[PDB]
Every structure is written in C-alpha cells, then in structure tokens.
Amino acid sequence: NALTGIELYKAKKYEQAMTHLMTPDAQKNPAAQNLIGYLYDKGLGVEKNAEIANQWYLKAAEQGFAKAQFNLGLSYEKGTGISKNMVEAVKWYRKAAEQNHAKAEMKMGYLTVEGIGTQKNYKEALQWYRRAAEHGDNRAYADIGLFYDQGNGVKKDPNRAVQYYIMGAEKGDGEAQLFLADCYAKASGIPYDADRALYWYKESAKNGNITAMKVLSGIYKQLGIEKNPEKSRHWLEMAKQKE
C-alpha cells in the first residue's frame, strides 16, 4: 500500500517505507514512484544513486506527476546522474509548470528571462512569475515588479512595480521589502517617506537579510538621518562577512 509507505517515510523508517512502496499496487502509484526516486536521490535507506533516482522520477513524470518532472528537470539542470542539459530541463520544467507547480513556474520565469534552454521571452516569463506568485512562491512578487520598473515586455511603470513590492512585503520577502524601502527613498512609484523606508529595511532584517546594508551603510555616511558613525559601519560587516 502506497499510503502506508508514505507514513513510514515520515517516521524515517526508510527501509520499511521502501518495502511498502515496492508493492505491485504501490509501484504503479506516481507519488510512490517519485518518493522511491527521492530515497535513492538522498540515500535514505539505500545508497545515494542519482541514476536510479532519475529512472523513478521518469516513471512518475511520464504519468504526468508534476512533482516528478520537476525533480527530473532538476537533474538535467544540476547534472546529477545524467548529462547536464538545459533544453531538456526546460522541457520538464514546462511540463510541471503547466500543472501549477510553483517552483517549476519560478524555474520557467528565470530561464525565459535569461534565455537558458529556451528563447528569451519577456512576455512569457512575466506570465510564469504571475502564476508562481499566485501558487504560493512569495519570491515572485519582487520579480514581477522588475518587469515594470525596467519596461521588459511591458511599458515602464514604476507605480505598478511598487504594487507588487507591497504585495511581496506583506508576505515577508526580503527582496520585495528591499525594493519597497528603496522606492520610499527615491520616490519611485510611491511618495517619498524616510520613516517608511527605514521601516522596510528593519522588517527586511527580520525576514531575510539581503545587501540592503550596502545602502544602509551608505545613507548613514541622507534620508533625513544624521550621519551615524556606528550605523554607517556596523552595517558593512554583515554586508562583507556574508559576502
């Protein structure tokens, strides 16, 4: 039974989970096939073997299991157990993204912007990030705003870019809170507010910790704030130590 084999996986009983998933009725379950591949891919209960993992990913992916064709596209991108191939990764990332897979839609948006494994398409890449944001991945909101802040595929509208930064700032994204705090400083798409800029750099330290400290250590050395010695400098350690 496949359902009992998944409960054994949650209990880290990897050997007993493998036995239930190898049952003839469970071996035909794509969710069980993808889990068997994950065990060989990480070495849980067996030896780590990416080549055997891909054969189980392929079985479940050929049934249309989105989670599997994402794992298979990952093996093509990282070259684990197979030759690194970006054209084949996009082929499998697209199969999963068409089924509302959040991480796959993030992959599709990233590779379509850069042109890796597929033709560069700013129009289609913006569509992928919208679905990725709608399907859970809160990192997509900041990626969407860059299309409007730069005019890629759409008309350069700094006001629409801030709308997506705000949506990403509510849900706790460091990159979105970075752009929002920057929009409050340069008055891009939103009226200037020195207090709210600093307020969205502070919340950007609670959730995540990007290199807004390159701007933090720069304005204390601006925005209605008197130049602080300790501030303009203590922000540079966390900007250099994490580099």
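Counting begins at 1, following the sequence as shown.
S.K.: From residue 221 on to residue 222, does the model leave out none, 1 to 3, 4 to 9, or 10 or more residues of the deposited sequence?
M.R.: The entry has a short gap there, with 1 to 3 residues left out between residue 221 and residue 222.
S.K.: Compare the mean C-alpha B-factor of 161-169 with that of 147-155 as given in the PDB entry, and name the stretch with the higher value.
M.R.: The deposited B-factors put 147-155 ahead on the C-alpha mean.
S.K.: Quick one: higher average CA temperature factor, 22-30 or 199-207?
M.R.: Per the deposited B-factors, the answer is 199-207.
S.K.: What's the residue among 52, 36, 61, 213 with the greatest CA temperature factor in the PDB record?
M.R.: Highest CA B-factor of the listed options: 213.
S.K.: Compared with the other modelled residues in the chain, in which third is the CA B-factor of residue 190?
M.R.: CA B-factor rank for residue 190: middle third.
S.K.: Within this chain, which third does the Cα B-factor at residue 183 fall in: lowest, middle or highest?
M.R.: According to the entry, residue 183 has a C-alpha B-factor in the chain's middle third.
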